[PDB]
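> This is the structure I want to talk about, given as structure tokens.
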Amino acid sequence: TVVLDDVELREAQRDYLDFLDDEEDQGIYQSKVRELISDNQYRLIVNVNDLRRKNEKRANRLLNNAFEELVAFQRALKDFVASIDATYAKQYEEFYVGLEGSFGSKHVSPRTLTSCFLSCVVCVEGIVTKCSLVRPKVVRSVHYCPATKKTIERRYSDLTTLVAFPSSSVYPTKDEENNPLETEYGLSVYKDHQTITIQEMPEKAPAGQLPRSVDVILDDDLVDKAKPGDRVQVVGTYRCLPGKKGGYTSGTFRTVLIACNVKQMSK
Amino acid sequence: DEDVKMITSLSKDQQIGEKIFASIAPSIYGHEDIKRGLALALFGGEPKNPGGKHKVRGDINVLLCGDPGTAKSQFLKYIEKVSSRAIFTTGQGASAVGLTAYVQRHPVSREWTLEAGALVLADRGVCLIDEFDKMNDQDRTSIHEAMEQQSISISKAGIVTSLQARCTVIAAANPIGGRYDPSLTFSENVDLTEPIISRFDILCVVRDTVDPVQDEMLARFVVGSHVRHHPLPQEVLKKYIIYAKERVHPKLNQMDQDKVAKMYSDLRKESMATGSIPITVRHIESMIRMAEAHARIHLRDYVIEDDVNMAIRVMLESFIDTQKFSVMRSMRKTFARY
Ligand SMILES: Nc1ncnc2c1ncn2[C@@H]1O[C@H](COP(=O)(O)OP(=O)(O)OP(=O)(O)O)[C@@H](O)[C@H]1O
Ligand SMILES: [Mg+2]
């Protein structure tokens, strides 16, 4: 199926494109988009305080609903940088957003982060404790048939915190007539993948208490942003991971923080 | 019912004092001073606290110090037998119960227990330490806290509490070298820190000297135990202790509050006469506790000057014996009236 009409998505992309335009009003995001274009970067950073200043209701929708509004945001950024530049937008296939500013009730620590903020955009203080070895996750896998001389390309998607069935995550190993394939690693695409473990900052925790920690997931242009012992502040989406195929569920949903931005101490 | 009926008659029996004193530990010869101190210890004082801000303990702490071969361990085994809520421990670490509370997964039950210390387990009874002088550093700090505040404070794993341990301590110790030194004072005889010693009331210094009659009777008693194992009975004493502890709450309105003050002026004169271990108002409070305990011994409900006389006897005897040899003799011949 393909969606033909969606009032929410259409108005979201309209409002975003309007906000990110910004040329007539002080050129903040015009300057920022031009900067990331010239610097060859594709993860914009966006002041949620300015977003509230311009379109407050959009801001509340963004905060209280993360994945939908962020998908709308990144696609609006795709269209906007497509307008300002053509070959650059063709070269880079998806343009991320990160969030920043003041997040009033959602600026928390790993202790105060309850399930109330599930599927929402939190801003978590606290040190780093773990940093996994950075690994590529396959996202567009190209194969070549030695017998048939034809090249195919299976695709994948970020099913990190959504429903995921085996069909999406199959990886080809045979041709339609039993003619084994050869993968083209270089022609493929990849996305580095790291997982850190934020902990409540050791001073700010109440004394005599075993500290509270929250897992964080990192992707392209965010992996080597914070080593262990970093006084990080991660803005991201707090979500649930699906325990894979069940037949009996305890209802205990593990959680992560898909980081949409990473910062160190401001000093 | 019949228990209260019988022990009321025993309380009126006119010699319940000496009767219980001799009843304490019938398996031992000699040491009537220890017997009286332990009767007062078993009965204990009465806690008091002006408002909720001047907590003074109501527990008679007795410390048994002396060279080996004096049945300190046998005494504390008897006290474990006779007292309810009576736990037994040692400073080495051999006993199944330690002195410092900790949190750990118990071996048998396999459950994340908070093993409270011996002091906490003695919450409203007696904790019986043996070899007090050989306790370790953390044991010293723990017993210091439990003596001072009766509130052991754990802060280890994720637990932050200041739970309570209102136990009477009945210790045992050996001097430096294993022979008591009358030439030197108790504080350097025993090898415990003066802040730890300060929180004690009776200091039974059990010397050991070669005496014909005492040695013969002691040996005859030990071989008596051997041949036989080739007052009150114990159950009655336990019931009397329980009944007294439950309800009798003596009060000290009728006590010679001016005689005691004059006597403490006299004691402070004799104590400033030397630079040795002096008298201080902690001794007044200990004597008050001992008087209240004797009142609870007889179930009088009100201190009488016989009770105050016995409290004076035990406290002054212990303090004189705690003083060094010269000052011991001087104070003895001065205050021999008591
Ligand atoms: N006054 C006494 N009357 C009867 N038996 C005694 C007396 N003093 C010591 N004993 C005997 O001494 C034997 C060994 O003494 P015990 O084990 O009680 O040691 P202790 O003198 O308490 O030692 P420590 O203070 O070194 O632990 C015991 O069998 C006890 O019967
Ligand atoms: Mg012993």
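Numbering, chain B: per Swiss-Prot, residues 458-687, 714-821 in sequence.
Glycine residues also receive a Cβ, built from the backbone N, Cα and C atoms like all the rest.
The annotation ADP binding site is assigned in Swiss-Prot to B:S530, B:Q531 on the grounds of experimental evidence. For B:473-679, the entry in Swiss-Prot reads domain 'MCM'. The phosphoserine feature in Swiss-Prot is assigned to B:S484. According to Swiss-Prot, the motif 'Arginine finger' annotation covers B:655-658.
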> Are any of the recorded positions B:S484, B:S530, B:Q531 near ligand 2, with a Cβ under 6 Å from it, and if so which?
B:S530
> Looking at the recorded positions B:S484, B:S530, B:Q531, which have a C-beta within less than 6 Å of some atom in ligand 1?
B:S530, B:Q531
> Apart from its near flanks, which chain residues at least 6 from the ends of the motif 'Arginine finger' (B:655-658) lie with a Cβ under 8 angstroms of it?
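Distant Cβ neighbours of the motif 'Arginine finger' (B:655-658) are 517-520, 601, 604-605, 626, 628, 765, 769, 772-773, 798.
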> Of B:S484, B:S530, B:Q531, which of the recorded positions has the most Cβ neighbours inside 10 Å?
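Per the Cβ count, the most surrounded site is B:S530.
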> Using DSSP with the three-state reduction, classify B:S484 (phosphoserine) as helix, strand or coil.
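In three-state terms, B:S484 (phosphoserine) counts as coil.
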> By DSSP, how many residues in the motif 'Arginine finger' (B:655-658) are helix, how many strand, and how many coil?
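Taking the motif 'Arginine finger' (B:655-658) as a whole: 1 helix, 0 strand, 3 coil.
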